[PDB]
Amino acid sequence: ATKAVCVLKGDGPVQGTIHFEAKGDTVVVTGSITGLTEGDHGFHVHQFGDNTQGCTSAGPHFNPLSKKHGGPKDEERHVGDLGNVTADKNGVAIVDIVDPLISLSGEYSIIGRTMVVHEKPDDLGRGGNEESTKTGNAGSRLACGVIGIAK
């Protein structure tokens, strides 16, 4: 697959549609998320596309190379660490990220896994607390969706 789509939904007001497109060796992630409190929000690909217990059964960040949590520009990061999205005053986060590590096929494929938008901003593993190196202290999962193959 070369195109993917994710519909984020949660127990609250956060909702959004993310599109993924394979462009050479990068994946271009676009879309918008709304109902977010203005500010930065942790945006990551969790390991399982299991929504049987809402966003909790999505597990941890997709980390096939068992690295520490980082930000997207870092080398030592989880494959799912896409950093943060920023909600404007109206709660609207417009997504536009280009990542060279997540993929739509092969081993790092994220098809079938879950996109999660969090409550607080991802500290990018620079928080000086152990939690920071595991989840970036992004807190609760507001909305999530399974990533599926798109036309």
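Just so we're on the same page, rigid core means the largest C-alpha set that superposes within 1.5 Å between forms. Numbers for residues come from their place in the sequence shown, where the first is 1.
Visitor: Rigid core fitted first, then name the stretch among 24-32 and 112-120 whose C-alphas deviate most from the displayed form in 6 other deposited structures of this protein.
Guide: Higher average C-alpha offset in 6 other deposited structures of this protein goes to 24-32.
Visitor: Between 1-9 and 141-149, which has the larger average Cα B-factor in the PDB entry?
Guide: The stretch with the larger mean CA B-factor is 1-9.
Visitor: Which of the two stretches, 123-131 or 14-22, shows the higher mean Cα temperature factor in the record?
Guide: Mean B over CA atoms: larger for 123-131.
Visitor: If you compare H69, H44, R113, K89, which has the highest Cα B-factor in the entry?
Guide: Reading the PDB entry, the winner on C-alpha B-factor is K89.
Visitor: Would you check the entry's CA temperature factor for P100 and let me know if it's in the chain's lowest, middle or highest third?
Guide: For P100, the deposited C-alpha B-factor lands in the highest third.
Visitor: Could you place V28 in the lowest, middle or highest third of its chain by Cα temperature factor, using the values in the record?
Guide: For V28, whose C-alpha B-factor we compare with every modelled residue in the chain, the answer is the middle third.
Visitor: Ranking the modelled residues of this chain by C-alpha B-factor as given in the entry, is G83 in the lowest, middle or highest third?
Guide: Tercile = middle for this residue's CA B-factor.
Visitor: Determine, from the deposited record, the chain-internal third of the Cα B-factor for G39: lowest, middle or highest.
Guide: Highest third.
Visitor: Splitting the chain's C-alpha B-factors into thirds, which one does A58 fall into?
Guide: Lowest third of the chain for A58's C-alpha B-factor.
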